[PDB]
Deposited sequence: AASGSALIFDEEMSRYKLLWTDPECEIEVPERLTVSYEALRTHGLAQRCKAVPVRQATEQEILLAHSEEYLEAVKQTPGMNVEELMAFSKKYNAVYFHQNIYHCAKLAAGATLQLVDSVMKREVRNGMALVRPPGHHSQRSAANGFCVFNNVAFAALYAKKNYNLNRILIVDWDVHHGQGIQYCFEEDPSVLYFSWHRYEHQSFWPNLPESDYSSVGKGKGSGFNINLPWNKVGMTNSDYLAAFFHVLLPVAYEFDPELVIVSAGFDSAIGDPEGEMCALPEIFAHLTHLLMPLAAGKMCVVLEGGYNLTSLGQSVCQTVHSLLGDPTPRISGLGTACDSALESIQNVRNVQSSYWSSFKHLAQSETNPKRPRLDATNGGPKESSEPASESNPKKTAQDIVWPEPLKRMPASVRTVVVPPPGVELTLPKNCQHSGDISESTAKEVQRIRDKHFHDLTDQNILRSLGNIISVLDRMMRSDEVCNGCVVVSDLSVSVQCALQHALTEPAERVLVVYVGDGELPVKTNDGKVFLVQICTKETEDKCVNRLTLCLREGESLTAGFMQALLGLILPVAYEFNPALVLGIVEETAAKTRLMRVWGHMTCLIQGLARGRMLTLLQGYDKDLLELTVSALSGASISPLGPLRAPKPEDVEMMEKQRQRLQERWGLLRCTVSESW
C-alpha cells in the first residue's frame, strides 16, 4: 500500500514571463507558482509531501499528443528575440512566448509524467504538480490559452502506454474549457473527460459551440466527453457540489477509472478576475475528497489556471490538505443550485442519459474500541476517567435504571466523543456495542450535550431507533430492507440483490451526500445493526461532513466489517467497485419528497406553480 503525497515543483518554471503589452495574457504571471509554493510552505503542507524532482519530457513523449511540425516550430523559439517571439505568439490565440518557455513547457510536461510515474508505481498515494505553463487548451498542432503542451493529455496517454490503463478519468475544474483535452480524447472511450466552464451561451473564451453540453464525444467515444457550461457568472459552492453530485460523481463511479487526473485550474474560485465565480477555496478540499474513493485514491492533480494571487494559494492549500488526508472544512450555507446551473445540469443529464442510464427521466486520527480482548493501522489507537464513569452512573440512574460490559461500552462512547469534539487529539472513532437502544441514546444525547448543534445519523438496519428527528438538530438517513414510508422531512429512509450496491451508490451520490452537505452536521453517527461492503465508500465520502468527526456503532463483532470501518475512518485507500427500476423509482420519489426543503437534491429547474 502506497502512502504520502507527491509535490512536484521547480522554481525554473517561474523563469519565463510576458515581454510585451498584452492585456489578454497579463494575468498569467510567474508569481502564480511562487505564491502557491510559499503558501504550501507557510502552512507546512509542502514539507509533508515527497518532493519528486521535475524532468524534461522527451521528444517521443511530447509526440504522444503533438505533431512533429508543431514540436519543431516550438523547438525553434529558444533562439528567437523579442520581435520574433512576438510574431510567433501572434500566430496563435491567447498565448505568448519566451526564450525559456519551451524549456519550461518540457519541464511542466515532464513534471506531470513524474507525478503519474510516482502514483502508478505506488511510490505515493496521490500527488500534485505545480507546473507552468498550463496545458488543457493546447492542441495537437497549436498553442492556445496560455498553454504550449497539454500536460494532462500527456499524463493520460502516458498512463495508457506505459501502464496498460483501460479507464482514466480527467476532471477539469478550471473555469475555462480544456478544448485541447476534449479534442485529444474525443473518439477515445478509455479517457472520460469532464469539464465545467464559464460559457455564458458561447460568449466567453474560447467561444466554441463544441464547449456546450451537446458535445458528448464522437464515434466510439460518445458519452465519454461531458461538458457542463456555466451560462452565468457567480456560481457558488452549491452550484459546484450539485455539479459533482448530479453529474460528475455518478458517471465517475460507474466508469470506475483506474487513474484520476485533475486539470486543477483555480480560476474557478472566488476572487479570480477571469472566472468571476463565488466558490470559496474550501470547496476544492471537497472536490478532491469526493474523487479520492476513485481508482484507489490514485489521483494526479495538475495545475492549470488560477490568477488571483491570494485565492490561488488558499485553493492550492485546500487541495493539498485533502490530498494529505487532513479533515475537510465544513461548508455552510449550502442550498439549491441557481436556475442557470440547474438548467445546465438538466441539459447535460438529458443528453448524456443515452450513455449513462442513471440520467434517464420519466416523461491520532481514529480510536478503536473492540469487544473486551478482541486484539491496527499506525494512525489508530485504543481507548476511562473519573468524570466519564460518574456521568455514566448518572445516565444509568436517571434513564437506564436496572451489565458491566454494556455500561463500559457507554463509557467508551462518552470518552471517544469527548476526545473528538472537545479537542483535536482524535478525529473519528468506531465502537462495537451490544444493546443498540442504550448506546444510540447515550451517543446522540451526549453529542448534543457537548458543542454539536446538528447530528447526521446514518443507521443501516431495520426497526425504529430511539432518535427524535422532529427538532431540526438531527437528520436520520436509514438504509433499511422494509419500507417505512417517508413522513418527517428530517428522515431519508431507503429500502433498496446484485444491483443493490449500484443502487446504494446512486442513492449515496444523488440523495445522501446532497442532503448531508446542506445539513452541515457537527457529528456523523454511523449505526450498523447485526451487503454492507459499500460501507468504505460511504464512510470515506461521509467524512466530508463535520470535519471528519464520525462515530460508528457496530452491533455484533464482524472482523471484516470492523477492519473495513477502521480502515475507512483512518483514511486508507478505498478499493474500487468495478440499478433496478424499482430502486430508482423509490429514489426519485424520495427526491421529490425532500428537494423542497433540501434544494441541493435538485438536478432540474423547478417548475413554478
Parts of the chain sequence, as deposited, that carry no C-alpha coordinates in this structure: 364-412, 425-426, 435-436, 456-457, 552-553, 588-593, 642-645
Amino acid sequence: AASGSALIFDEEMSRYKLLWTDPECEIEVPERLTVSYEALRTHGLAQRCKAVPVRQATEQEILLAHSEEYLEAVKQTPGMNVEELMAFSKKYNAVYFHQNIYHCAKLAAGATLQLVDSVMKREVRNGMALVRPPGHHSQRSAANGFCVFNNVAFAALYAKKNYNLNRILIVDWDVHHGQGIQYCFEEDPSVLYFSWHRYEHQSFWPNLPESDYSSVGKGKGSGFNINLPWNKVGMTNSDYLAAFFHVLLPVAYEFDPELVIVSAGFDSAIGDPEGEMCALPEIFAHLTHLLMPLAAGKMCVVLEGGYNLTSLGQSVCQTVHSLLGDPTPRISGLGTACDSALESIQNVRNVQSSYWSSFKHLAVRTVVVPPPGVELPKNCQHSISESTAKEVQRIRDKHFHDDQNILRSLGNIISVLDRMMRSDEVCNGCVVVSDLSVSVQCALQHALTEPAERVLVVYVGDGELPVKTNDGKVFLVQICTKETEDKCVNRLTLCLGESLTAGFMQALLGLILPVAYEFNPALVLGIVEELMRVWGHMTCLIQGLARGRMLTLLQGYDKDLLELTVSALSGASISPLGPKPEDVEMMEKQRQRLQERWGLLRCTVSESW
From here on, numbers count along this sequence of modelled residues.
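If you superpose the two forms and keep the largest set of C-alpha atoms that fall within 1.5 Å, you have the rigid core.
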State which stretch is farther from the displayed form on average in 7 other deposited structures of this protein, 448-456 or 335-343, counting RMS CA distance after fitting on the rigid core. 448-456
After superposing on the rigid core, which of 354-362 and 208-216 has its C-alpha atoms sitting farther from this form in 7 other deposited structures of this protein? 354-362
Looking across the other entries that model both neighbours, is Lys121 missing in at least a third? no
Does at least a third of the other compared PDB entries (those resolving both flanking residues) leave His289 without coordinates? no
Mean C-alpha temperature factor, higher of 161-169 and 420-428: 420-428
Higher avg CA temperature factor (531-539 vs 249-257, as deposited) belongs to 531-539
Among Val119, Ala264, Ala341, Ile479, where is the Cα temperature factor highest, going by the PDB entry? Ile479
Just to confirm, going by the entry's C-alpha B-factors, which of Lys106, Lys220, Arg394, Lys232 comes out highest? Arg394
Considering only modelled residues of the same chain, in which third does the CA B-factor of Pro133 rank: lowest, middle or highest? lowest
Against its chain's modelled residues, does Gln60's Cα B factor rank lowest, middle or highest third? middle
Comparing against every modelled residue in the chain, figure out the third that the C-alpha B-factor of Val364 lands in (lowest, middle or highest). highest
Lowest, middle or highest third: which one holds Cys603 when the chain's residues are ordered by CA B-factor from the entry? middle
Within this chain, which third does the Cα B-factor at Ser387 fall in: lowest, middle or highest? highest
